[PDB]
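Novice: below is the sequence, then the experimental coordinates.
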Amino acid sequence: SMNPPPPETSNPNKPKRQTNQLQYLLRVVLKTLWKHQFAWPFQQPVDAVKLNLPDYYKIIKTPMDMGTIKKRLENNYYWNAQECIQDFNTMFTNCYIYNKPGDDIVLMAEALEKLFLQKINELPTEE
Ligand SMILES: CC[C@@H]1C(=O)N(C)c2cnc(Nc3ccc(C(=O)NC4CCN(C)CC4)cc3OC)nc2N1C1CCCC1
């Protein structure tokens with residue numbers, strides 16, 4: 001099957017606020033995960049046509065990736081930290097559902113998830 005359009009990243013109709021938690025998610029969390037050695041498969045939507053995986057979007061109906069998350073943060077798409085956290089978690093879950101447990105792609109996601117959880121534990125208080 002062909003690729004779907006990527007996830008929505010900007011909605012001018014959707015209310016916007018800057019907060020220290022959202023700033024942290026972009027400046028610290030997204031930045032640190034992006035730079036990790038294992039980040040590259042997670043930096044853009046899965047191109048299932050290029051990868052010849054016609055079943056990917058038959059199985060994964062809520063795709064997510066860090067390129068999308070970066071743009072969402074830049075476009076003030078999220079009202080709160082939890083909405084952004086959900087997107088990271090969706091990204092990891094998709095990887096765990098689609099791929100055989102223990103495969104290299106899964107180990108990569110697991111490393112990123114461990115780092116993510118460390119940074120979320122250090123999420124600043126709303127202030
Ligand atoms: C979609 C399934 C899963 C996933 O969950 N995500 C997120 C993913 C995101 N991006 C990729 N990207 C690439 C994966 C492989 C290659 C590549 O070139 N592999 C070579 C093929 C020839 N071989 C001799 C050496 C290795 C390039 C990729 O992007 C340019 N793969 C992903 N995988 C993998 C898909 C194959 C296993 C799992």
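Specialist: Here it is on my side, so go on. Numbering: from 1, shown residues only.
Novice: who in this protein is up against the ligand?
Specialist: Contacts of the chain with the ligand, taken as C-beta under 6 Å from any ligand atom, map to 41-42, 46, 51, 53, 56, 95, 98-99, 105. From N, CA and C alone the C-beta is placed, and that goes for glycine too.
Novice: tell me where the protein has helices.
Specialist: Counting by DSSP state H, the chain has helices at residues 20-24, 31-34, 56-59, 66-74, 81-98, 104-121.
Novice: and the third one, what's buried?
Specialist: Within helix 56-59, the residues scored as buried using 16 or more other C-beta atoms under 10 Å are 56-57.
Novice: next, count neighbours for the closest residue to the ligand within the chain.
Specialist: With C-beta to the nearest ligand atom as the measure, residue 41 is the residue of the chain nearest to the ligand, at 3.5 Å. For residue 41, the neighbour count with other C-beta atoms under 10 Å is 16.
Novice: next one: it from residue 69, what distance?
Specialist: 14 Å (C-beta to C-beta, to the nearest Å).
Novice: what do you get for residue 125?
Specialist: Shown here: residue 125 relative to residue 69, a distance of 22 Å by C-beta to C-beta.
Novice: of these two, who's got more company?
Specialist: residue 69 (27 against 6).
Novice: identify the residues contacting the residue lying closest to that one once chain neighbours are set aside.
Specialist: In space, and not counting its chain neighbours, residue 69 is closest to residue 87: 5.2 Å by C-beta to C-beta, 6 or more residues apart in numbering. Applying C-beta atoms under 8 Å, 6 or more residues apart in numbering to residue 87 gives the contacts 64, 68-69, 72.
Novice: cool, thanks, talk later.
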